[PDB]
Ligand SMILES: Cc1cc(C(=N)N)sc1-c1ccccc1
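Single chain ahead, written as structure tokens, the form deposited without the named molecule.
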């Protein structure tokens, strides 16, 4: 439905929607921008990610509330409404994954863009895994793992240990190991090694880069504190 709007106007409106805290609109504008077919700049990739993380975030928070109520109840209403929210969440994840597959990842040749999009792919499969059951569920978990792993492999070859996309990827992959893969030791090892190798590279940074990197290192530290 954004086919008739200029790419530049979609980006401008996404920024307005962010100011207005209208994240559903923000996501729809950025989906429209991606669907123009051109690669996205760093700033535009960040608008895409912020929009969808806020949308899916509201859904995941609601799903958690409902799932809790349902499990303590264990008529059809709680299950029905949890399933409604679950389906809408699945739809948003499928939308994002669709944008990544058609055709953001395939056209992403620079490490910053390719790692960004593979991290996003890992994150949205991870959100699908949170609500998935059984077997179907193993293939979803492995899709998340596979995307994160490819991103990690590129990030380790092509980016310094303090790069904020590399740090955020490692942070989220550690969360995947702790929360999804039942691998708390792998989570803790990854968060530890990532933190230590970033610390050793801080000396190479300007003041502003240092602020960017240490912000994410503090999130790694927060998890490690929660996990140990």
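Positions refer to the first chain, counted from 1.
One more form of this protein exists, namely the form deposited with the named molecule bound; it is left out here, but the text below deals with it.
S.K.: Is residue 192 close to the named molecule in the bound PDB entry, meaning a heavy atom pair under 4.5 Å apart or at it?
M.R.: Looking in the bound PDB entry, residue contacts with the named molecule include residue 192, since a heavy atom lies within 4.5 Å.
S.K.: Looking at the partner-bound form in the bound PDB entry, is residue 42 within 4.5 Å of the named molecule by any heavy atom?
M.R.: Answer yes; at least one heavy atom of residue 42 falls within 4.5 Å of the named molecule in the bound PDB entry.
S.K.: Is there a heavy atom of residue 50 lying 4.5 Å or less from a heavy atom of the named molecule in the bound PDB entry?
M.R.: Because a heavy atom of residue 50 falls inside 4.5 Å of the named molecule in the bound PDB entry, the answer is yes.
S.K.: Determine whether any heavy atom of residue 68 comes within 4.5 Å of a heavy atom of the named molecule in the bound PDB entry, and answer yes or no.
M.R.: Heavy-atom contact with the named molecule at 4.5 Å: absent for residue 68.
S.K.: Where, within 193 to 228, is there a heavy atom within 4.5 Å of the named molecule in the bound PDB entry? Residue list please.
M.R.: Sequence-ordered list: 195, 196, 221, 224, 225, 228.
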